[PDB]
Amino acid sequence: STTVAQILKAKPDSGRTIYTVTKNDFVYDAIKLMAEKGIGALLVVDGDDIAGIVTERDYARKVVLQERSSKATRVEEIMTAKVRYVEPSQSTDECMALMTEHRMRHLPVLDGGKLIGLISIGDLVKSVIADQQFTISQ
Amino acid sequence: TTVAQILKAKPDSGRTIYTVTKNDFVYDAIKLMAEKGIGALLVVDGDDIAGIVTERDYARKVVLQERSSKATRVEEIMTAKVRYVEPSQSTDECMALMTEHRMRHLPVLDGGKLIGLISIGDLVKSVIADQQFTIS
Ligand SMILES: NC(=O)c1ccc[n+]([C@@H]2O[C@H](COP(=O)([O-])OP(=O)(O)OC[C@H]3O[C@@H](n4cnc5c(N)ncnc54)[C@H](O)[C@@H]3O)[C@@H](O)[C@H]2O)c1
Ligand SMILES: NC(=O)c1ccc[n+]([C@@H]2O[C@H](COP(=O)([O-])OP(=O)(O)OC[C@H]3O[C@@H](n4cnc5c(N)ncnc54)[C@H](O)[C@@H]3O)[C@@H](O)[C@H]2O)c1
Ligand SMILES: Nc1ncnc2c1ncn2[C@@H]1O[C@H](COP(=O)(O)O)[C@@H](O)[C@H]1O
Ligand SMILES: Nc1ncnc2c1ncn2[C@@H]1O[C@H](COP(=O)(O)O)[C@@H](O)[C@H]1O
């Protein structure tokens with residue numbers, strides 16, 4: 001088994017950086033920040049406690065299709081509150097099952113109740129093939 | 001495991017491809033993605049593959065550019081240079097492509113004929129679909 005710890009150590013710097021917004025932030029500001037960092041999710045924090053999680057999938061489904069403006073809508077209105085998480089001990093296979101079964105591409109990592117990072121379906125796919133050999137022609 | 005097997009694994013053997021035209025409005029693309037529970041649409045120019053548009057394009061190229069989805073065409077935000085695979089190819093190859101090129105969707109062509117579409121989630125499922133897990 002390859003672990004969540006190992007996935008984070010591979011991440012740049014060294015998975016320690018979690019990009020974040022508060023519940024009161026405008027959705028528009030969430031979307032601008034995602035764009036600035038090249039990411040598709042933000043952990044929603046209200047002063048150190050995990051409030052929820054908001055992603056590009058949330059923005060595509062719950063704003064303009066609901067007659068809302070990202071500028072006049074707050075993150076809380078579209079985020080998922082019941083956040084599923086993993087611990088650094090868990091295997092990538094377990095993580096992939098969770099993502100598949102619950103239809104989510106992001107998993108915060110809590111260690112003893114401390115948020116230590118965040119992993120995504122992309123980090124998991126990379127670990128599956130990262131050491132395999134390919135050709136440009138293949 | 002092959003792309004063909006990934007397609008076979010899907011409910012209608014992956015025969016359905018949810019599609020839009022280059023002239024359609026982004027809002028109609030977005031509406032349709034919601035309607036069908038998906039994150040991408042193949043963009044057709046009346047029977048030829050013109051591009052691909054995903055929830056990521058929508059997140060990046062519309063309101064952040066002062067545009068409205070009712071007032072913007074799919075062509076404006078789509079990716080015109082589409083990468084694809086054929087059924088012969090292995091899931092590892094598809095995973096590498098998605099990782100290296102930062103895309104989560106691959107149309108599947110067979111002899112220049114579109115047969116279906118696979119996503120990063122189809123690949124991840126194949127990796128663990130046979131594996132045993134407990135709730136605990
Ligand atoms: N070449 C690579 O190193 C690499 C790594 C990861 C993903 N990818 C690919 O790029 C695309 C990335 O999308 P994804 O589907 O994994 O989702 P994503 O775009 O949300 O994730 C991209 C990277 O940013 C990180 N990230 C996302 N949200 C974060 C947050 N709030 N705080 C801190 N870090 C965060 C992820 O852990 C991941 O490493 C996919 O096509 C995937 O295959 C490539
Ligand atoms: N339980 C399952 O069987 C299952 C299967 C696939 C994905 N997932 C999960 O659900 C989420 C789905 O996201 P995703 O990131 O793979 O992207 P997605 O939301 O675009 O894909 C969802 C499913 O719809 C299909 N699809 C998407 N666009 C299509 C189009 N234009 N035409 C035809 N089919 C299309 C995909 O191939 C995939 O099977 C992820 O968390 C993933 O892990 C679960
Ligand atoms: N760790 C998580 N726990 C619970 N829900 C999540 C998590 N990550 C994402 N989601 C939600 O699941 C949906 C898809 O997210 P994603 O596939 O990560 O874009 C969105 O409605 C998200 O808010
Ligand atoms: N098969 C593909 N070929 C080329 N570009 C793609 C492909 N799939 C998605 N993209 C683009 O890559 C970015 C991320 O897409 P996705 O991860 O599939 O949401 C978006 O700008 C898409 O338009």
Side-chain angles (χ1 to χ4, degrees), chain A residues 26-31 33-36 38-41 54-66 68-71 73 90-105 120-130 132 134-136, chain B residues 25-30 32-35 37-40 53-65 68-69 72 85 88-104 119-129 131 133-135:
Chain A
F26 287 127
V27 158
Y28 176 88
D29 289 312
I31 293 310
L33 179 50
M34 286 182 200
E36 286 168 8
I39 66 182
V54 60
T55 77
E56 62 193 321
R57 178 61 61 87
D58 289 310
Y59 171 61
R61 294 286 196 279
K62 296 156 158 175
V63 180
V64 76
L65 291 183
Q66 312 311 136
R68 288 160 169 160
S69 165
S70 52
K71 296 164 182 294
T73 297
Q90 294 184 257
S91 78
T92 54
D93 283 354
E94 293 165 29
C95 290
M96 284 189 250
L98 283 164
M99 291 192 190
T100 303
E101 189 74 24
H102 296 295
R103 297 186 172 277
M104 46 183 54
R105 289 168 294 192
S120 71
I121 196 152
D123 302 319
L124 301 165
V125 167
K126 181 151 74 181
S127 68
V128 170
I129 57 79
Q132 186 154 351
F134 303 97
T135 68
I136 272 157
Chain B
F25 292 114
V26 170
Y27 180 89
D28 300 313
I30 291 308
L32 180 58
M33 287 179 194
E35 279 180 21
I38 66 181
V53 65
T54 85
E55 61 193 315
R56 178 61 60 89
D57 299 303
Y58 174 58
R60 298 285 195 273
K61 305 174 172 167
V62 184
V63 79
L64 289 180
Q65 312 295 324
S68 159
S69 64
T72 308
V85 287
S88 343
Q89 298 197 244
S90 71
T91 52
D92 297 327
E93 292 160 40
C94 302
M95 286 193 299
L97 286 165
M98 290 186 176
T99 301
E100 192 60 21
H101 301 285
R102 291 168 177 280
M103 48 184 56
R104 290 169 291 197
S119 86
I120 196 161
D122 298 327
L123 299 175
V124 164
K125 182 157 62 165
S126 177
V127 171
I128 56 68
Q131 192 152 354
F133 295 102
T134 84
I135 271 70

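We name chains A, B, ... by the order of the sequence lines, and we start the count at 1 in each one.
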*Is chain B contacted by the side chain of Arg103(A), its backbone, both, or neither, given a heavy-atom distance below 4.5 Å?*
neither
*Nearest heavy-atom neighbours spanning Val64(A) and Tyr27(B)*: O-CE1, 3.8 Å
*May I ask you to test the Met95(B)-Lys126(A) pair for a side-chain heavy-atom distance under 4.5 Å?*
no
_Side-chain heavy atoms of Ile30(B) within contact of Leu65(A), under 4.5 Å_ = yes
*Kindly write out the residues that satisfy side chain to side chain donor-acceptor pair (under 3.5 Å) with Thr91(B), not counting sequence neighbours, or none if the list is empty.*
none
_Minimum side-chain heavy-atom gap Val124(B)-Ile121(A) below 4.5 Å_ = yes
*Answer yes when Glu55(B) and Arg105(A) have at least one side-chain N-carboxylate O distance shorter than 4.0 Å, and no when they do not.*
yes
_Quick one, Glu93(B) and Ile129(A) - any side-chain contact, counting heavy atoms below 4.5 Å?_
no
*Point-to-point distance, once rounded to the nearest 0.5 Å, from CG of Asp92(B) to CZ of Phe134(A)*: 5.0 Å
*Can you measure from CG (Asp123(A)) to OG1 (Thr99(B)) and round to the nearest 0.5 angstrom?*
9.5 Å
